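[1] This one's a deposited entry, sequence included:
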Amino acid sequence: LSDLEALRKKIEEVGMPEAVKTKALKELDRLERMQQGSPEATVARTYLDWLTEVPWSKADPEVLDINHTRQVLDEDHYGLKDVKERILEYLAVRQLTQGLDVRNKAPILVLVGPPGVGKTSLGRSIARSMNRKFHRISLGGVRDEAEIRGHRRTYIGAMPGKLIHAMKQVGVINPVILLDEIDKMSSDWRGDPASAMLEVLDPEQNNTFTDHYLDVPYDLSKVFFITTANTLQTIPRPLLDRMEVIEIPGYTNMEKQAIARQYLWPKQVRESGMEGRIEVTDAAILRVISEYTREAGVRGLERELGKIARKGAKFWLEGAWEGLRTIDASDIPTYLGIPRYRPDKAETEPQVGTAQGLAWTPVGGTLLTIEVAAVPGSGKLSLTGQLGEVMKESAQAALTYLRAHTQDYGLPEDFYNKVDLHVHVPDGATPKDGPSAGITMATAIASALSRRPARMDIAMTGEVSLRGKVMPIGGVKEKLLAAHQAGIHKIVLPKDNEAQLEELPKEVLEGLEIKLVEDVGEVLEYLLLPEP
Amino acid sequence: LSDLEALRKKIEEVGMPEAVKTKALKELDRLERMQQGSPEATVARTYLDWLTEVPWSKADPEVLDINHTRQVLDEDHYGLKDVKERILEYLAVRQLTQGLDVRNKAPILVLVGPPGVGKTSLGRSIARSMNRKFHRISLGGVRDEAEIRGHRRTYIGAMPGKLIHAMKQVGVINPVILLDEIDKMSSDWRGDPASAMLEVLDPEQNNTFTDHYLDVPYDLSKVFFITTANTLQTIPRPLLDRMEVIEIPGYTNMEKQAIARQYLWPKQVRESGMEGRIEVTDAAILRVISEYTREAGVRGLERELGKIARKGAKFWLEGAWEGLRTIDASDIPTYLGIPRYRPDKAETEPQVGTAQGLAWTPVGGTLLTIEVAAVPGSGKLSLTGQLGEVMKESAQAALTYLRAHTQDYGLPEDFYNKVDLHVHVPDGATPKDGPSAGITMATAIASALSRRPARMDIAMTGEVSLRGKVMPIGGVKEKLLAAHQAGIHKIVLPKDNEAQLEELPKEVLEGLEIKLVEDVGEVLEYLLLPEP
Amino acid sequence: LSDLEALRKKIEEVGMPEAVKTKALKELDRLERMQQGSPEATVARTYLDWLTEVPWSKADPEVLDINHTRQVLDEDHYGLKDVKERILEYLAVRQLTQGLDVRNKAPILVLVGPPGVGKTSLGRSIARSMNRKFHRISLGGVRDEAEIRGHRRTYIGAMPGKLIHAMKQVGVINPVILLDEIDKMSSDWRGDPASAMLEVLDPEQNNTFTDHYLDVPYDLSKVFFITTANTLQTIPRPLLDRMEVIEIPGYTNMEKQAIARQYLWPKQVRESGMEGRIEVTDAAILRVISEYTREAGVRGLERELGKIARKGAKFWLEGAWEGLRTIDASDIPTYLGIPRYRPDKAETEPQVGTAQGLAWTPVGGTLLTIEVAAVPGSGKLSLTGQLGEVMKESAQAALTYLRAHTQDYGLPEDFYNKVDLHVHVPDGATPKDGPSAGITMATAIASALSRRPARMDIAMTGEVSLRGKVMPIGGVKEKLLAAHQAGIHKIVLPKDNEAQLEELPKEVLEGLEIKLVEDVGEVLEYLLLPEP
């Protein structure tokens, strides 16, 4: 009928590519009948529509400027001023894609950092700065080669791929596609679509990208892929090549104060119609940072300023008081809730077995408390709390040091066959391949067996090797940031990471009093309430 | 057909968008030729009936005041005194930007709670306060876009979606659609019921939301949508963003007695025509609350009072002799029968191996009676009833504290290799997850091994760590509503939550008698009824 | 000839509505020719043959009274004592709030039961009491709204809906219309027939009930509908509300003998053409009930007694010898051929590995038998035959209870590490596969391990908790009705259910014998013939 007229004109109201035109005229050969009824025309309808709605070889304009790009990139969340150099170096790699116009065997810009620190804002800034468009696909919980690839074109209700879905939305084949959480792909049911994303993510394979709900492979050559991920090593290992590690580290408190006064809170006030009626003094911004969110990103702070703006809308719709209200740090909890975090956690009044430890998580940096119970028995060892064997052998190494140092620290003649040990660590292994918490467990076990109070407010990290030698670790900047944002002021380190301390800004170093030591007896000296 | 002339008029009198004018006049130019129509006359005639009846350009007034909505939301069900403030905050934000400033990217008030606590009534109360026509749409068991969208325009058959019907009924273009039960909606059959919800969610896209029984995208810009879920867990994740969460939990008992004197027992005595002739004392309302239903909310209390009303109609229609009945707590069972439940918990005879945790299932809170058997055997452990390793960590932590302190509870000196344990959790699938039953299982295990009875009548909750400390648990208010409904009168919460404890409205802290602890030795001096 | 004359006279003589008079004019327009055949006008004469017969305001004088309806419902079956009370409450409410149509939207009487019991006899008794005119319509299995609503007079098959046939055969506007098997109505076709009966249910849209054959939609204002199902869990959920569960169970033996003596067999005699020639005492009716059919209702008694009476007529054909041919249970397989069912299910060989639980299918009650094979091996459990997690967990709980008490039951003092158990259930596909066979499996496992006889002729239901207890189970009346169908005389019930044992009729308790327990100790002292 006229629906057949529409789906028949769409064969030549969209000028198709050659093999696509061939299978389209075969779709019309199955057509020229009722548009509904039998199910073989309905699967023909979804097949025709999904193949004649995805756009065919059309693109946006493109810029080769760095100056206007620099202008826009200096206004995302305060401008990071260091990693934008790295992004300008990658866009200088775009300044050499000449012979074969892809430049793979070459980076693709994975963006690594805690969730929401401007990564998506960097994507939006690049999208505005190249006059492109933007779209997101989140790969969270992907294990299926019909989510990414096609599904069997023999059913009504089979699925086109997510990638072809998102390309069906955007009308060109140069969007900026944001692949969010590329690390959380899996392989449980119907193959591993990591190889599918690889075939998306090559020089000369995307331009004939294989589909199976689309029975011709579809051209995806010119899409500016941009990719973000929390971890660094849970990424598919052959796909870990052809990349550029853009580290976006976490912020500090003063930078988030600047972001609040300049970028966040003006949008929060304009998103509740209170232009010119509410203002916040900056000690209250310090209050919101230092008592109401403990993270590395700036998403929760945006929620808090949103709550304050919405309450201001209510209190001004119930009687117009003044031209300018001022909200100091006194009456934040009139507008917000209870103070959910104390600014001084130094009122913990040190524990007995607990070791305060630093940690490298996929969401960046955090603290931990390693929790050790020394119970009577016959001598064993157990570690719980979803740990891996790497933490277990690090504890093995710690005990191997401990067995040769009995009477020097307040321990029995032995504990390898008298005292059972149960160790909880609140998270498991590190995504970096290594237990970065050797001396943490060592101070915990020595504190619990010695029955001597381990001091809190002394965060620490560092390994204990099989020789008991304290080893240099990686990613030190983020654990130092995590110790900074909780207000912790003492760090125990291996000495050999001090070159790592060359890449640390000043205000972080003003509070972190570093004890660059080299052996396990030295943290036992500098930590416990006894001098040993 | 002069009715066909009327069809042409009712097309050509209501002011349409001119694309609808185009397609409707084309349907008139391809009708009036199949007068004996096999469905070509029929489907086109029903199509033009839909293009006449569906509301195009239909005006309806509005509030501009937060204050009249205060005046009206004191007259539905109660005041409820927390959620009234959140509703007015959302409307205060909506008022100061109405007039279409560019900040129309707003969330849409999901109302999470148990079934039947005043959600649809709250929609009706808001819709009275705005003078817009309320209407509901249920989404319980929606799986395919033939239900959200149209499916077949070809022959008369598959209808348009739910939305065009529920706009056709309401004579104006701006209802208050209540989309109930948005979490039970799932992709059951082959089809996507989530992305259509994301399209009706977003205020940029649904300016021209479309279906398939019609061929102009409909103008849904002015519908104040509002949804309703019972569980925040299983909501699709692209929908859980852009979603204002307002949490309505259940009522305490004295609020149930007050709602039943105000709004429920008079409408029930209206509903069975026996006004001014049946009388219910407040002890009777309290008896029917406490001894005949346990659900959170007031569904069951409606059905109970309906039964008393209809029985009164029967007893008066087999003889009229009075001026007025008078029920009290004496003759409830004469109208209802044997009590489904029992009186208060204070007579429930202390078991030797049982603990009464608190929980919040999404159909209302509950007690849990976790029961633990101490089987004389090897020394290993066993867990049944829908448990992962979270409960094994809790059991092992509490058991480690006991292995430290066998002297402190009359235990034998050695039972890691004497006694097996068999733990049975009665509801292992409480979806508000976590080890929030730490001293629950610690009390059960120390009761089962010490042969000394754990008391009933005292609820408790918390977490445990290997040193033997009680950490805080989140969600104090839902735990106290469960402990206040199910009949308990003594609660043991962790010490770390007393700053949370004054957050409550002071209804909830009336009957309850909180014993705040911080270590497991305190709850095992409370709950163990004899000395050891 | 003058068929046009008589029809124009009739259409003016039959009282039309005025809009119906206008559509009668537009049907009249195509007339005035005196030739037959007439493929347009044959449809017209048949349409007016329908339209001169549908009732327009003919009334039957309804009596209100709730005492006449009871003095007529005492001439239905032997006595139901519960559903007659519920029908008196419902019709009492419809006696007060009638005419006072401020209150409306009444529910519509779902009558739930096994097929066979007096559904339509309760319908006809109500219709005798109100002096209305009963007429059924069976709406089980219908998948098409073109059958329930009208049908198009544009291709041949120009018929009204079923409901206009039911209104043609009733010459008034206030009948009692019954809708048998409203849940067997399927929905796999063009037109969901649930929405049609939602419209017929509707007390507002009934006034313009749409037909695709009649032009003006019809009114269903006073038609007192009433519905029937078999289980209320397959009705669609909008239609499930605005129902009233009046739940009819099956009968015991004395009730079926009384129904056959009082009511059935005089009908089946005097419908045969025979009268006063046969004598049947209690023995033959006892035999025909117990050893010839396996149903809940009374279809089988009706059919078999009618076949007996017809073959008694056949024997009377070859001689009118005597007016008294006394029949009893001895000589009855003369008339019915071979008896089908065994005489004794009570004497069922009190052996070891057998357990005899009470259950119920939704065509009538049943007895589950449960086997346990106690083989040597490693110690692990096997469940085949529709055995999920709850039955296995109840088995595991019973096994733990045995491990607590190995001394006084003749067990091996360590058996859990030595004996494998194949627990087989033939019938888990029969409903309620959850825990109601707790002491069933406790007796099965205790006998199959202790190699002591588990008794026939004692039945049991309930649950077991882990410390060793018996919980209560709901729905006591259906279970004891099943136990009095299938021929047992001893029942084990929990202590906790004892209160519900005074909601039953007193007849059920004297044919049976209820052995209440509270623990597993009492049921293990009951059911072992030798105990050690």
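    Noted; the coordinates are in hand. Residues are numbered from 1 along each chain as shown, chains lettered A, B, ... in the order given.

[2] And chain A, split by domain according to the record?
    A:66-247, A:253-336, A:354-527 (CATH domains of a matching chain).

[3] Now distance to residue C:42 and mean neighbour count too, for these, in JSON lines please.
    Bear in mind the C-beta positions are built from the backbone N, C-alpha and C, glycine included. Formatted as JSON lines, the domains of chain A follow (distance: least, CB to CB, whole Å; neighbours: other CB atoms under 10 Å in any protein chain shown):
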{"stretch": "domain A:66-247", "distance to residue C:42": "43", "mean neighbour count": "17"}
{"stretch": "domain A:253-336", "distance to residue C:42": "71", "mean neighbour count": "17"}
{"stretch": "domain A:354-527", "distance to residue C:42": "80", "mean neighbour count": "19"}
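
[4] can you redo those domains as a markdown table with distance to chain B?
    Listed next are the domains of chain A as a markdown table, based on distance: least, CB to the nearest CB, whole Å:
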| stretch | distance to chain B |
| --- | --- |
| domain A:66-247 | 2 |
| domain A:253-336 | 3 |
| domain A:354-527 | 4 |
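
[5] how about the ones you listed, which one is nearest chain C?
    Minimum separation from chain C across those (CB to the nearest CB) falls at domain A:66-247, 15.7 Å.

[6] show me the contacts for residue A:396.
    By CB atoms under 8 Å, 6 or more residues apart in numbering or on different chains, the contact list for residue A:396 reads residue A:381.

[7] Can you pull the phi and psi angles for it?
    Dihedral pair for residue A:396: phi -60, psi -50, per degrees, to the nearest 10.

[8] on that earlier part again, of the domains of chain A, which approaches residue B:59 most closely?
    Nearest to residue B:59 among the domains of chain A is domain A:253-336; the distance by CB to CB comes to 24.8 Å.

[9] Now do that closest one: distance to the chain's middle.
    Centre-to-centre, domain A:253-336 and its host chain are 26 Å apart (CA atoms, centre = their mean, to the nearest Å).

[10] Could you do stretch A:111-124 as well?
    Mean C-alpha position of stretch A:111-124 versus that of the full chain (CA atoms, centre = their mean) differs by 8 Å.

[11] Also stretch A:420-437?
    Remark: stretch A:420-437 is offset 21 Å from the chain centroid, using CA atoms, centre = their mean.

[12] again, but for stretch A:30-47
    Worked out by CA atoms, centre = their mean, stretch A:30-47 lies 45 Å from the chain centre.

[13] cool, stretch A:442-457 as well?
    Relative to its chain's centre, stretch A:442-457 lies at 33 Å (CA atoms, centre = their mean).

[14] what about it, how long is it end to end?
    From its first residue to its last, stretch A:442-457 covers 17 Å (CA to CA, to the nearest Å).

[15] nearest to residue B:219, of the domains of chain A?
    Distance to residue B:219, taken as CB to CB, is lowest for domain A:66-247 among those, at 21.7 Å.

[16] list the helices and strands the longest helix along chain A packs on?
    When chain A is parsed with DSSP state H, its longest helix is helix A:299-317. On a contact count with 3 or more CB pairs under 8 Å, 6 or more residues apart in numbering or on different chains; DSSP states H and E, helix A:299-317 meets helix A:265-270, strand A:278-280, helix A:282-292, helix A:332-335, helix B:83-96.

[17] Just give the nearest non-adjacent residue to residue A:484, would you?
    Of all residues not flanking residue A:484 in the chain, residue A:508 sits nearest, at 5.1 Å (CB to CB, 6 or more residues apart in numbering or on different chains).

[18] For the spatially most central residue of chain A, which residues are in contact?
    Central residue of chain A (CA atoms, centre = their mean): residue A:230, 2.7 Å from the mean position. Counting by CB under 8 Å, 6+ apart, residue A:230 touches A:112-115, A:181, A:183, A:362-363.

[19] Report the secondary structure state of the residue nearest to residue A:484.
    In three-state terms, and counting by DSSP: H, G, I helix; E, B strand; the rest coil, residue A:508 is helix.

[20] Am I right that residue A:216 is in a strand?
    No: with three-state DSSP as the criterion, residue A:216 is located in coil rather than a strand.

[21] Test my guess that it contacts residue A:23.
    Yes: here residue A:216 lies in contact with residue A:23, judged by CB atoms under 8 Å, at a distance of 6.2 Å.

[22] Mind checking what helix or strand follows the longest helix of chain A in sequence?
    Toward the C-terminus, helix A:299-317 is succeeded by strand A:325-327 as the next helix or strand (DSSP states H and E).

[23] just checking, what packs against that following strand?
    Secondary-structure packing of strand A:325-327 (3+ CB pairs under 8 Å, 6+ apart): strand A:278-280.

[24] what residues does the strand it packs on touch?
    Residues outside strand A:278-280 that contact it (CB under 8 Å, 6+ apart): A:265, A:269, A:305, A:308-309, A:312, A:324-327.

[25] Among these, give me the pair with the biggest separation.
    A:305 and A:324 (17.4 Å).

[26] mind listing what residue A:489 touches?
    Here residue A:489 is in contact with A:457, A:511-513 (CB under 8 Å, 6+ apart).

[27] of the residues you listed, closest to residue A:355?
    Residue A:355 has its nearest neighbour among these in residue A:457, at 12.1 Å by CB to CB.

[28] What separation do you get for residue A:21 and residue A:56?
    Distance, residue A:21 to residue A:56, by CB to CB, to the nearest Å: 10 Å.

[29] Next, the angle helix B:83-96 makes with the longest helix of chain A.
    If you take axes from the mean of the first three to the mean of the last three CA atoms, to 10 degrees, helix A:299-317 sits at 80 degrees to helix B:83-96.

[30] Give me the contact list for helix A:299-317.
    Here helix A:299-317 makes contact (CB under 8 Å, 6+ apart) with A:115-116, A:256, A:260, A:264-265, A:268-269, A:271-274, A:277-278, A:280, A:288-289, A:292-293, A:325, A:327, A:332, A:335-336, B:66, B:85, B:88-90, B:92-93, B:95-96.

[31] The longest strand along chain A: partners in the sheet, and parallel or antiparallel?
    If you go by DSSP state E, chain A has its longest strand at strand A:364-376. Sheet pairing here is set by DSSP bridges, and for strand A:364-376 it gives strand A:355-361 (antiparallel), strand A:419-424 (antiparallel).

[32] To residue C:200, which of those strands lies closest?
    Nearest to residue C:200 among the strands paired with strand A:364-376 is strand A:355-361 (61.5 Å), distances taken as CB to CB.

[33] Identify the residues contacting that closest one?
    Contacts of strand A:355-361 (CB under 8 Å, 6+ apart): A:365-370, A:372, A:427, A:430-432, A:436-437, A:440-441, A:443-444, A:447, A:454, A:456-461, A:475, A:478-479, A:482-483, A:488, A:491.

[34] repeat that with 6 Å
    Taking contacts as CB atoms under 6 Å, 6 or more residues apart in numbering or on different chains, the residues outside strand A:355-361 that touch it are A:366, A:368, A:370, A:430, A:436-437, A:440, A:443-444, A:454, A:456, A:459, A:461, A:475, A:479.

[35] so which two of the residues you listed are the farthest from each other?
    Spatial extent of the contacts of strand A:355-361 (CB to CB) is set by the pair A:454 and A:475 at 24.6 Å.
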